[PDB]
Amino acid sequence: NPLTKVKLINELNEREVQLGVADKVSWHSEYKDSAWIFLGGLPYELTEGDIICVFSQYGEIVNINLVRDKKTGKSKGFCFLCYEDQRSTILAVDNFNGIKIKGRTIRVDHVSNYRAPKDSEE
Amino acid sequence: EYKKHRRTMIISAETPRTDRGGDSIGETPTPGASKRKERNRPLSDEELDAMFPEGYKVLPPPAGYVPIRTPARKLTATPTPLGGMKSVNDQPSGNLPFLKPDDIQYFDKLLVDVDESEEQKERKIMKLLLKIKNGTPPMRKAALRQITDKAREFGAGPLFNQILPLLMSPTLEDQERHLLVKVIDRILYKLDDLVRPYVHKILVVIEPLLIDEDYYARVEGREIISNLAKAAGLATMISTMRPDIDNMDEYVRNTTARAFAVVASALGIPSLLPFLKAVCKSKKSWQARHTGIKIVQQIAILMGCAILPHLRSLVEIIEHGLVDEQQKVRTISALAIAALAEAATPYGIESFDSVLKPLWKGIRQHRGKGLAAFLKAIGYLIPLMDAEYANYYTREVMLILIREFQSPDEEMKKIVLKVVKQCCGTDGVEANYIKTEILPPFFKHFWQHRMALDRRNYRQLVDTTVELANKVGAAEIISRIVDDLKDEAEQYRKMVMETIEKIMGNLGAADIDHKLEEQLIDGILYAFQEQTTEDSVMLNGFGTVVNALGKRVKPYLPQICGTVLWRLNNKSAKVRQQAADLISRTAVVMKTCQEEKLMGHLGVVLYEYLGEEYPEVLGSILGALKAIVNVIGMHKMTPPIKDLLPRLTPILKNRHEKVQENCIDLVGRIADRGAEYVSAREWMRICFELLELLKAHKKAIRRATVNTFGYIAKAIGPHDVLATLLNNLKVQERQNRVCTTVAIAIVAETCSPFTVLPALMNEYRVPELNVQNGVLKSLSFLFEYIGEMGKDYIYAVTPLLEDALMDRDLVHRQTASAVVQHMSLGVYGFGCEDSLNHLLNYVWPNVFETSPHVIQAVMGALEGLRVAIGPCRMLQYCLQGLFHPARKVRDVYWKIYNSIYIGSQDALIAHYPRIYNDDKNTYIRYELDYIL
Amino acid sequence: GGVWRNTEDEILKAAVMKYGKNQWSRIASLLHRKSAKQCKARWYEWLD
Amino acid sequence: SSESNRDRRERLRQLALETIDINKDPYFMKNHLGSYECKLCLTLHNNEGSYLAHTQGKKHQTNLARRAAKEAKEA
Amino acid sequence: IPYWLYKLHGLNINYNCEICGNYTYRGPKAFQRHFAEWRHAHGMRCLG
Amino acid sequence: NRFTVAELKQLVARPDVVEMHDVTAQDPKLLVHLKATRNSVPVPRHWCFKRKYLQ
Amino acid sequence: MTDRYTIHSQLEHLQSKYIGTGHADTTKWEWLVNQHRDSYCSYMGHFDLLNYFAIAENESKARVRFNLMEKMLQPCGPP
Amino acid sequence: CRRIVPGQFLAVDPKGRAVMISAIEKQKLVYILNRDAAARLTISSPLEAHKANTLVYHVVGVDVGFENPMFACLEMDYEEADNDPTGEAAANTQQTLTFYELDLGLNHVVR
Amino acid sequence: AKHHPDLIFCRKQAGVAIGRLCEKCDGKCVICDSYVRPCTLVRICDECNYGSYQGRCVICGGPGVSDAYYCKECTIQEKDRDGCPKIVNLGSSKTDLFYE
Amino acid sequence: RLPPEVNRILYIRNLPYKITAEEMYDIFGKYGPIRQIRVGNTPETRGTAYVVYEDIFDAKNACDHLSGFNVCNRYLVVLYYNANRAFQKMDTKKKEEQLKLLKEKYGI
Amino acid sequence: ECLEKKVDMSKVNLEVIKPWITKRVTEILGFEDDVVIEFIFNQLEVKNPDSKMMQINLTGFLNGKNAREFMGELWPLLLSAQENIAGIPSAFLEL
RNA sequence: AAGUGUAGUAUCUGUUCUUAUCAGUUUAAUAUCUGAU
RNA sequence: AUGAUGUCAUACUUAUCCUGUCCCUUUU
């Protein structure tokens, strides 16, 4: 359930690759008009700049936002990043989605809905 | 990665509890010291001696090699960068097929060629597992038979000790695992009590077979676990599954849960009820309650409707779980309640009433996936409620559902889809309010090009769309879904087509408007024009759409005909296959709409394209021709039968599957319906060609061949067909060999059996055992197919059956018993008592026999005789055998008596003779002697 | 393969006696177990 | 194949009959179920090979020598 | 020395027939034949 | 324990249908009462044979 | 209670669950009791049979019904 | 007319909601009657009430005002006396009124 | 069955459900295993059809199309009045066929 | 950075009965410290043996290098040790002493 | 055996037998377990329980000798409690 | 000079008990098997 | 002069059987 989200994303990508999905229907028509990618499941001890530098390998990040708690210390695992171009978001969802770093691997998805602070899930 | 824990499985109540306590007190101080500040950890002499088995001795040869290897830690760093006959032994015994290198470690004991040395003798005799796993099919069957017979001899201990590691082979392929599972099942079918100590050892290897992707493999694992549980006691299985509750490995917890579910399915719900109740009331750890909730959920999902009576009791197990502090326990309890609900038909709403109030209360304080679980539970519980409370429940839940409509969580999406399918199906759902509130988001938020890609998501969306269309209306869903008809996505297009087809089939397309009808026609055209994956979605959709449109599809008829022609001229296997499929599907609509010129043009194009070499296209063309002959009349069909029959004659040797099936169907329909355009010599040639069609690897082909032979017999005549059938030399005894006898029976049922009887009696005079057995089987099948018609042929069939009753061969006796069974079933009430007695006179000695086929035939014939000859004569013939001294004779006679007593329970009163009254027993029914 | 069974050996002997030794295909057309090369090999090896 | 199988079976039966005639064996007898039986061996044979193979084992000719000497006391 | 036949056919089975003149029989079928035979017939006749 | 064949024949009403294998039965009296029925059919001769009733 | 007798089932064998199916080790008392019970049930079933059996005695139909239902328990005798 | 063949006893409840069929022994089925949208009396699936070694003397319907209906039967146990060579347990075997309730919610019969 | 003697019939109590047979096993008798002379209809068990178990084939076990019926030889022999003839077991058939 | 199949224990078969064990220890030490070396003292064990080094990396390196290495007249086959599958002969008794020692040493 | 006499767990308390059974299990089973205690408590939940099934469960959990000891300790105490007019054995009054 | 697999049956070829007794299991009874002289 | 034994071949019967799937494992 919690870790099966990355499995579902990888399975969707594999099915699009195996079902002969074209470029126009390659799991991007729904995430269009917005490059706000939501990363979740990250560890509680992750820093903002470290994650920015890690996700910056696929391009320049425009506006990142980590889940800042009221008094916990900004340790929730959720994060929303509107990158420079939507092509960078697609590249991150294709390569960085499900990447393993700092022990527990995290998941990535394309929201393209709004700037919701409380929208992810533990 | 999750399955990799299976690789970490080692083999082999108070001592286990202390071991688990030591495991916990070893798994605590590791992170303790980690915070205070592996598989390659230090090893001990005890650990070393325990790791490897016997047959080894530690021996550091000199006193210098030990202090040569002791500084090897430093010798890996400083001195490492520095200045610096024809023997072999495979494993043959007499054949002993090639053992893989991974299997070399397992079958190493057989590599030694020593012979003639008891325990080692049995261990070497247990090397047949190598031939079973690796070897030819005959060697596999022989090893299976030897293991079945040598169960008690080889002993269950060594068998399990040799089978468990093979199951744990990292290189164990799927076929090897299947063979090992079959061998374990065969071993468990014989050994009953000896499987108790190896319960845990077998379960540790069998549980992962349940948690697997292969559906057939999961079914085999569930069956094996159920058999293992039914073998030993529920108490022993419970003791074996006890420590797995608090196991650290969550995979071990899931395995134990599946095992407990299988044990409950086998030994029954209440047998495992109090163990589960004690597991649920465990305040030891939250993992215990989680394992209990998972076990309850799995047991419900496996049992289905079996939780009806114990459901209230299950509520007693689940009531204290809803108040769990840890969110995991609460989620597991919600999933369990949802499983018990959705698996249960409407009943026992009161049993769930205790869980009604808090869950909705949790909806008030719902946040995160807990809200999703609560929504799923409320959706499962809504139909179980009555309309009065259901109105308020649905009115409250719909707002939360609409609020959660924009959830990115795919689990939340599935929960919302299930809640919509459950709630929208309620009678208290507002149609206009539904179309106003839930319809536009369901089309926008729920319907997306990414959701359809998933497997479960596709079926969930299909069910939700079907329910919404049935609830609110068909026109709105049609208008929402027709726009996606031109979708570039093939999967989304298939989903939209399936939704439209289900809607048209359930609600009916009469509500489809003219503009909506044209849009649907354009969508179907675009879909048929773009079909990459070979699937019946587009074909079934076009068929249902045409059947629903009816006469309204006449304006769309010519466009469809032009598209079909262009696709027939297009790529054959890609385009013309679907073209012929659409033609065969819409033949009914084309004939209903009076497409006379269209039907003739289609027939001409079919006669033109019948010469295609592609079997996929040729078979579809033949099927379309069959459909046209079914819609267009024989004399009205423009491609007349005079050209169709001889042209389809040599097509029987196409050797393709679909081509052969379509050709057989077309020839059979033409010969059953018309039976006139086919000439006598033409019919003889068609029969000579169909005689070769019986060698196929299918059963439907054989049935169609028999039907076509019967039609040809009814058309031409009995003599030539019986002569062509009598030449069956039966090269092979299988591959539809008896099929000639079935065809003889079909011809006898279609034609005069007065002609078919003596020809068969004369053909039975041949010497060949194959021909004699064939004549017997054909006579049996003919009597069975005739039934009431056999009132005259009884006296004529008596002597041949009496002569063949002489057991010269087992197959002859089997055919005799089968013919007797068919005759007794067919001669019911016709007055054939004399022939029945004459046949029983020779059938009675057949009771003593060991052949499974012969024994089954004798039992069936005894049943038929009791049906027709009557139970009085049956008991009179089986009376002396009841109290016989022997074991085998008493067993056979008791089987016969049980068969005679299963039925005729009322008529056994009179047949019971008068046995004299002993001293301490008065068995004589004096009331029967009451002379009025 | 070529197990060189007993019944196969008798059949090969009868074929060499009746059919002949210079007719390996005539004997292989009544064996249906091995090739004419294998048949002549068994004839020159054990059935000579 | 199938017809070829029947032709091969007929040719095998012909070769077996020729061998039995050349050997002048009385034991080989055709059964009423399309089989062969050796009255000397008092055994059955499914195929022609099993009937022609009743000359290596079960040498009942030695047991028939007893009846030969019982019918005539002189050697 | 077909001891297999001796054990399987029922040989080496002692039986005493007082009706058959107090005779011996080395088998069960032999016992049934001795109970009904010319010797036992003459014995029953002389015994009445 | 086991009744004598002569005793079972003397106690039987129709001892002409007595067998040698009936002395070691479980209920010889019941077997004798059953074997002397009117239309009772007996067991076949394959109870002691060894040719499988077809050899 | 050291008995060690757990007679439930072993490998899903035949296991005749019908009442009076019959077996191999069925003693004479068992067959006699089953036959008497089946005959009593049949006499209770056939209406004309009940009339013919009760027409002998002056007892009524209910008298025969009670006498038959009472003879079900231990008709032959304690084995 | 078998001993395990229902037909020796047939009962109909007073509320007209269910019917029961019981044999001389080892058989008891409870069929549920329900009114359809077209007033078609639909016979639902039966409930299994197998009671081994229980001879049923008669059957009757209990009174229930739209509550959980009950059916009464004069049962007698035969398994105990079936293993009494002394003949004592044959006596002291008293028939008992067994009222089995057909729980509409549980959808199963129970003693 | 004659083709599968290692099969275990359900033998459950009869319900009010009508079953169907797979298209591959269309027309085959449920009990008699014949191909002609049907007499009575086939009744499914109550637990034999509940959701995913609904609409399955009686003998074939697959998705059903046509409604099955008992063979007349099985009806006249008092065999059609038996328990639920659902094939609960699946073994010694179609086990290794997936491997091929 | 290696498969789970690699383990510290390695089974070496196809050796003589009187194999020079000092040279065997020297050859095994080319990888790392020989934690244990068990020589089959049984008849079927005569000619087979097991080794266990204190490191998995060195053992894998020697397995790659010593794959069917040459001998005086043969070439012993070296394979990765399979799972135990036989431990009921052994038992986890007396581990409470080690647990108490660990709890007393660090004090946690 | 002493467990062959018919008993009735409805005519006796349960709290009086809880700690005694707990101590017996801790002595026989040695360690501290909640599954065994809860199983033994739920075993005596019915109004007319059976001692044979309880003995079988105890043999499955215990070794078989300790199972016999537990059966022979629980049967007579429960019988004496059911025989007591107040519904408890002689040990409940001692302390 | 072509058949695939799933269960079961028979006829073919090669080998073995002149062991005298006692007791038991088992057998319809033999037989076989298990311990002693 | 029937038989028991069982590697290794052979004929036969079950109207035996080839698109069967992960539609349900989503446990950390």
# chains A, B, ... in the order shown; residues from 1 in each chain; ligands from 1
call {"tool": "residues_around", "arguments": {"residues": "region 5-20 of chain B", "least_positions_apart": "4", "cutoff": "10 Å", "atoms": "only C-alpha atoms (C1' of nucleotides)", "output": "compact mmCIF listing (two decimals) with C-alpha atoms, in the first residue's frame"}}
result
# COMPACT_ATOMS: atom_id res chain seq x y z
CA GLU B 1 12.93 -8.01 -3.38
CA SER B 24 13.88 -10.85 19.87
CA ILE B 25 16.59 -10.29 22.50
CA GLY B 26 19.18 -10.53 19.72
CA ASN B 161 14.18 -34.31 4.13
CA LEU B 164 12.29 -29.80 1.12
CA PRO B 165 15.75 -28.73 -0.17
CA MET B 168 14.29 -24.47 -1.85
CA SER B 169 16.47 -24.70 -4.97
CA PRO B 170 17.35 -21.14 -6.09
CA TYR B 198 6.98 -32.37 9.45
CA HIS B 200 6.08 -26.87 10.08
CA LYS B 201 8.83 -28.12 7.78
CA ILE B 202 6.36 -28.63 4.92
CA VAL B 204 7.60 -23.32 5.52
CA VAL B 205 8.12 -24.44 1.91
CA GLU B 207 3.37 -21.14 2.12
CA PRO B 208 5.30 -19.12 -0.54
CA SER B 239 0.42 -25.31 17.51
CA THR B 240 2.60 -25.16 14.40
CA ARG B 242 1.29 -20.33 16.84
CA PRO B 243 4.77 -18.73 16.87
CA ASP B 244 4.35 -17.26 13.38
CA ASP B 246 4.70 -12.52 16.47
CA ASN B 247 7.34 -13.26 13.82
CA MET B 248 9.56 -10.32 12.92
CA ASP B 249 9.42 -11.04 9.19
CA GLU B 250 6.18 -9.56 7.84
CA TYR B 251 6.34 -12.04 4.96
CA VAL B 252 6.28 -14.79 7.58
CA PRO J 4 22.83 -13.27 -2.64
CA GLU J 5 23.90 -16.71 -3.91
CA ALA J 83 21.44 -23.69 2.33
CA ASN J 84 21.83 -25.69 5.53
CA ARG J 85 18.46 -27.52 5.49
CA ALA J 86 19.59 -29.75 8.42
CA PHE J 87 19.83 -28.09 11.84
CA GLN J 88 17.53 -30.15 14.10
CA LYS J 89 20.67 -32.05 15.11
CA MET J 90 21.92 -28.72 16.45
CA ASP J 91 20.05 -26.43 18.83
CA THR J 92 20.12 -22.82 20.01
CA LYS J 93 20.56 -23.77 23.67
CA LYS J 95 22.37 -18.64 23.98
CA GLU J 96 20.86 -16.96 27.06
CA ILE K 28 4.55 -26.19 32.51
CA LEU K 29 5.17 -23.97 29.49
CA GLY K 30 7.94 -22.20 31.43
CA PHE K 31 7.86 -18.90 29.58
CA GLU K 32 5.12 -16.25 29.60
CA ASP K 33 2.58 -16.61 26.78
CA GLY K 60 -1.01 -29.80 21.18
CA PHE K 61 0.26 -26.84 23.20
CA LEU K 62 1.87 -28.74 26.09
CA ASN K 63 4.10 -31.81 25.80
call {"tool": "closest_atom_pairs", "arguments": {"of": "chain B", "to": "chain I", "cutoff": "8 Å", "atoms": "only C-alpha atoms", "output": "JSON lines"}}
result
{"residue": "B:174", "atom": "CA", "partner": "I:99", "partner_atom": "CA", "distance": 7.4}
{"residue": "B:175", "atom": "CA", "partner": "I:99", "partner_atom": "CA", "distance": 6.4}
{"residue": "B:178", "atom": "CA", "partner": "I:96", "partner_atom": "CA", "distance": 7.2}
{"residue": "B:216", "atom": "CA", "partner": "I:95", "partner_atom": "CA", "distance": 7.6}
{"residue": "B:220", "atom": "CA", "partner": "I:91", "partner_atom": "CA", "distance": 7.9}
{"residue": "B:223", "atom": "CA", "partner": "I:89", "partner_atom": "CA", "distance": 7.9}
{"residue": "B:304", "atom": "CA", "partner": "I:50", "partner_atom": "CA", "distance": 7.0}
{"residue": "B:305", "atom": "CA", "partner": "I:47", "partner_atom": "CA", "distance": 5.6}
{"residue": "B:306", "atom": "CA", "partner": "I:47", "partner_atom": "CA", "distance": 7.2}
{"residue": "B:343", "atom": "CA", "partner": "I:51", "partner_atom": "CA", "distance": 7.9}
{"residue": "B:700", "atom": "CA", "partner": "I:24", "partner_atom": "CA", "distance": 7.7}
{"residue": "B:785", "atom": "CA", "partner": "I:36", "partner_atom": "CA", "distance": 7.1}
{"residue": "B:825", "atom": "CA", "partner": "I:73", "partner_atom": "CA", "distance": 6.0}
{"residue": "B:863", "atom": "CA", "partner": "I:77", "partner_atom": "CA", "distance": 7.3}
{"residue": "B:864", "atom": "CA", "partner": "I:77", "partner_atom": "CA", "distance": 6.8}
{"residue": "B:867", "atom": "CA", "partner": "I:77", "partner_atom": "CA", "distance": 6.0}
{"residue": "B:903", "atom": "CA", "partner": "I:78", "partner_atom": "CA", "distance": 6.9}
call {"tool": "write_last_selection", "arguments": {"atoms": "N, CA and C atoms", "output": "PDB file, in the first residue's frame"}}
result
ATOM      1  N   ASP B 174       9.919 -23.326 -12.982  1.00  0.00           N
ATOM      2  CA  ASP B 174       8.488 -23.478 -12.736  1.00  0.00           C
ATOM      3  C   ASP B 174       8.063 -24.934 -12.863  1.00  0.00           C
ATOM      4  N   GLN B 175       8.574 -25.630 -13.880  1.00  0.00           N
ATOM      5  CA  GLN B 175       8.218 -27.033 -14.067  1.00  0.00           C
ATOM      6  C   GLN B 175       8.734 -27.886 -12.916  1.00  0.00           C
ATOM      7  N   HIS B 178       6.469 -27.313  -9.999  1.00  0.00           N
ATOM      8  CA  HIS B 178       5.196 -27.997 -10.198  1.00  0.00           C
ATOM      9  C   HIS B 178       5.334 -29.492  -9.940  1.00  0.00           C
ATOM     10  N   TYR B 216      -2.734 -20.346 -11.232  1.00  0.00           N
ATOM     11  CA  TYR B 216      -2.752 -21.801 -11.123  1.00  0.00           C
ATOM     12  C   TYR B 216      -1.824 -22.275 -10.012  1.00  0.00           C
ATOM     13  N   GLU B 220      -2.824 -24.307  -6.642  1.00  0.00           N
ATOM     14  CA  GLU B 220      -2.156 -25.538  -6.235  1.00  0.00           C
ATOM     15  C   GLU B 220      -1.624 -25.425  -4.815  1.00  0.00           C
ATOM     16  N   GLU B 223      -4.542 -25.680  -2.387  1.00  0.00           N
ATOM     17  CA  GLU B 223      -5.023 -27.054  -2.293  1.00  0.00           C
ATOM     18  C   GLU B 223      -4.066 -27.917  -1.480  1.00  0.00           C
ATOM     19  N   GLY B 304     -15.749 -17.031   1.398  1.00  0.00           N
ATOM     20  CA  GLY B 304     -16.907 -16.497   0.712  1.00  0.00           C
ATOM     21  C   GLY B 304     -18.163 -16.532   1.557  1.00  0.00           C
ATOM     22  N   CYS B 305     -19.166 -17.292   1.110  1.00  0.00           N
ATOM     23  CA  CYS B 305     -20.446 -17.352   1.805  1.00  0.00           C
ATOM     24  C   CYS B 305     -20.407 -18.202   3.070  1.00  0.00           C
ATOM     25  N   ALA B 306     -19.270 -18.819   3.398  1.00  0.00           N
ATOM     26  CA  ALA B 306     -19.190 -19.657   4.588  1.00  0.00           C
ATOM     27  C   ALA B 306     -19.218 -18.859   5.882  1.00  0.00           C
ATOM     28  N   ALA B 343     -17.954  -9.874   0.898  1.00  0.00           N
ATOM     29  CA  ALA B 343     -18.035 -11.305   0.651  1.00  0.00           C
ATOM     30  C   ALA B 343     -19.373 -11.886   1.081  1.00  0.00           C
ATOM     31  N   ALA B 700     -13.804 -30.484 -30.276  1.00  0.00           N
ATOM     32  CA  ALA B 700     -14.895 -29.877 -31.028  1.00  0.00           C
ATOM     33  C   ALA B 700     -14.818 -30.254 -32.500  1.00  0.00           C
ATOM     34  N   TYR B 785     -27.455 -44.206 -27.858  1.00  0.00           N
ATOM     35  CA  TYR B 785     -28.081 -43.147 -28.638  1.00  0.00           C
ATOM     36  C   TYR B 785     -29.499 -43.517 -29.053  1.00  0.00           C
ATOM     37  N   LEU B 825     -29.800 -48.817 -19.426  1.00  0.00           N
ATOM     38  CA  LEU B 825     -30.329 -47.462 -19.340  1.00  0.00           C
ATOM     39  C   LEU B 825     -31.349 -47.192 -20.437  1.00  0.00           C
ATOM     40  N   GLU B 863     -25.259 -50.689 -11.646  1.00  0.00           N
ATOM     41  CA  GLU B 863     -26.228 -49.626 -11.394  1.00  0.00           C
ATOM     42  C   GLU B 863     -27.340 -49.648 -12.437  1.00  0.00           C
ATOM     43  N   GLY B 864     -26.969 -49.788 -13.710  1.00  0.00           N
ATOM     44  CA  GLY B 864     -27.974 -49.841 -14.759  1.00  0.00           C
ATOM     45  C   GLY B 864     -28.895 -51.038 -14.625  1.00  0.00           C
ATOM     46  N   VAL B 867     -31.317 -50.441 -12.041  1.00  0.00           N
ATOM     47  CA  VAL B 867     -32.323 -49.511 -12.544  1.00  0.00           C
ATOM     48  C   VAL B 867     -33.373 -50.252 -13.362  1.00  0.00           C
ATOM     49  N   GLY B 903     -29.501 -46.017  -3.935  1.00  0.00           N
ATOM     50  CA  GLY B 903     -30.857 -45.909  -4.428  1.00  0.00           C
ATOM     51  C   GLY B 903     -31.714 -47.064  -3.955  1.00  0.00           C
TER      52      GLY B 903
END
call {"tool": "residues_around", "arguments": {"residues": "residue 654 (chain B)", "least_positions_apart": "2", "cutoff": "12 Å", "atoms": "only C-alpha atoms (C1' of nucleotides)", "output": "list in words"}}
result
residues 611, 612, 613, 614, 615, 616, 618, 619, 648, 649, 650, 651, 652, 656, 657, 658, 659, 660, 661, 662, 663, 664, 689, 692, 693 and 696 of chain B
call {"tool": "select_by_dssp", "arguments": {"residues": "region 669-727 of chain B", "states": "alpha helix (DSSP H)", "output": "number ranges by chain"}}
result
B: 669-673, 680-690, 700-715, 718-726
call {"tool": "closest_atom_pairs", "arguments": {"of": "chain C", "to": "chain M", "cutoff": "12 Å", "atoms": "only C-alpha atoms (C1' of nucleotides)", "output": "tab-separated table"}}
result
residue	atom	partner	partner_atom	distance
C:2	CA	M:9	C1'	11.9
C:3	CA	M:9	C1'	9.2
C:4	CA	M:9	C1'	10.0
C:5	CA	M:9	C1'	7.0
C:6	CA	M:9	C1'	8.6
C:7	CA	M:9	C1'	8.5
C:8	CA	M:9	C1'	9.5
C:33	CA	M:9	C1'	11.4
call {"tool": "interface_residues", "arguments": {"of": "chain J", "to": "chain B", "cutoff": "7 Å", "atoms": "only C-alpha atoms", "output": "PyMOL selection string"}}
result
chain J and resi 21-22+29+32-34+36-42+44-45+49+55+73-74+84-88+90+92
call {"tool": "write_last_selection", "arguments": {"atoms": "N, CA and C atoms", "output": "CSV table (one decimal), in the first residue's frame"}}
result
chain,number,residue,atom,x,y,z
J,21,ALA,N,46.6,-31.6,2.7
J,21,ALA,CA,45.7,-30.6,3.3
J,21,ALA,C,46.4,-29.3,3.6
J,22,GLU,N,47.8,-29.3,3.8
J,22,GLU,CA,48.5,-28.1,4.0
J,22,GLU,C,48.5,-27.2,2.7
J,29,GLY,N,43.9,-19.9,1.5
J,29,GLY,CA,44.4,-18.6,2.0
J,29,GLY,C,44.7,-17.5,1.0
J,32,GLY,N,41.5,-15.3,1.7
J,32,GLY,CA,41.4,-14.7,3.0
J,32,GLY,C,41.6,-15.7,4.1
J,33,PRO,N,41.4,-15.3,5.3
J,33,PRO,CA,41.5,-16.2,6.5
J,33,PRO,C,40.5,-17.3,6.4
J,34,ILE,N,41.0,-18.6,6.5
J,34,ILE,CA,40.2,-19.8,6.5
J,34,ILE,C,39.5,-19.9,7.8
J,36,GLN,N,37.2,-21.9,8.7
J,36,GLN,CA,37.1,-23.3,9.0
J,36,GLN,C,37.3,-24.1,7.7
J,37,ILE,N,37.8,-25.3,7.9
J,37,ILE,CA,38.1,-26.2,6.8
J,37,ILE,C,37.7,-27.6,7.2
J,38,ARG,N,36.6,-28.2,6.7
J,38,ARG,CA,36.1,-29.5,7.1
J,38,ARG,C,36.4,-30.5,6.0
J,39,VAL,N,37.1,-31.6,6.3
J,39,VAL,CA,37.5,-32.6,5.4
J,39,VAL,C,36.6,-33.8,5.6
J,40,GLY,N,36.0,-34.3,4.5
J,40,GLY,CA,35.1,-35.4,4.7
J,40,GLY,C,35.8,-36.7,5.1
J,41,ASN,N,35.5,-37.1,6.3
J,41,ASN,CA,36.2,-38.3,6.9
J,41,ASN,C,35.3,-39.6,6.6
J,42,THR,N,34.3,-39.5,5.8
J,42,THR,CA,33.4,-40.6,5.5
J,42,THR,C,33.8,-41.2,4.2
J,44,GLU,N,31.7,-41.8,1.5
J,44,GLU,CA,31.1,-40.9,0.5
J,44,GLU,C,31.7,-39.5,0.7
J,45,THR,N,32.1,-39.1,1.9
J,45,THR,CA,32.8,-37.9,2.1
J,45,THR,C,34.2,-37.9,1.8
J,49,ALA,N,34.9,-32.0,0.5
J,49,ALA,CA,35.2,-31.1,1.6
J,49,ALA,C,34.5,-29.8,1.5
J,55,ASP,N,35.5,-13.8,5.0
J,55,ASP,CA,34.9,-12.8,4.2
J,55,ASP,C,34.3,-13.4,3.0
J,73,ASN,N,46.6,-34.4,-10.7
J,73,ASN,CA,46.0,-35.2,-11.7
J,73,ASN,C,44.5,-34.9,-12.0
J,74,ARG,N,43.9,-34.0,-11.2
J,74,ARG,CA,42.5,-33.8,-11.4
J,74,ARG,C,42.2,-32.3,-11.3
J,84,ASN,N,21.6,-24.6,4.6
J,84,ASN,CA,21.8,-25.7,5.5
J,84,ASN,C,20.8,-26.8,5.4
J,85,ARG,N,19.6,-26.6,5.6
J,85,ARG,CA,18.5,-27.5,5.5
J,85,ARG,C,18.5,-28.7,6.5
J,86,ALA,N,19.5,-28.7,7.4
J,86,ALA,CA,19.6,-29.7,8.4
J,86,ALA,C,20.2,-29.1,9.7
J,87,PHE,N,19.4,-28.7,10.6
J,87,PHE,CA,19.8,-28.1,11.8
J,87,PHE,C,19.1,-28.6,13.1
J,88,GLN,N,18.2,-29.5,12.9
J,88,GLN,CA,17.5,-30.1,14.1
J,88,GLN,C,18.5,-30.9,14.9
J,90,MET,N,21.5,-29.8,15.6
J,90,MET,CA,21.9,-28.7,16.4
J,90,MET,C,20.7,-28.1,17.2
J,92,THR,N,19.7,-24.2,19.6
J,92,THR,CA,20.1,-22.8,20.0
J,92,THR,C,20.2,-22.7,21.5
call {"tool": "residues_around", "arguments": {"residues": "region 34-43 of chain E", "least_positions_apart": "3", "cutoff": "10 Å", "atoms": "only C-alpha atoms (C1' of nucleotides)", "output": "ChimeraX atom specification"}}
result
/E:15-25,27-31,46-48
call {"tool": "residues_around", "arguments": {"residues": "residue 14 (chain F)", "least_positions_apart": "3", "cutoff": "10 Å", "atoms": "only C-alpha atoms (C1' of nucleotides)", "output": "number ranges by chain"}}
result
F: 9-11, 17-18, 32-33, 35-37
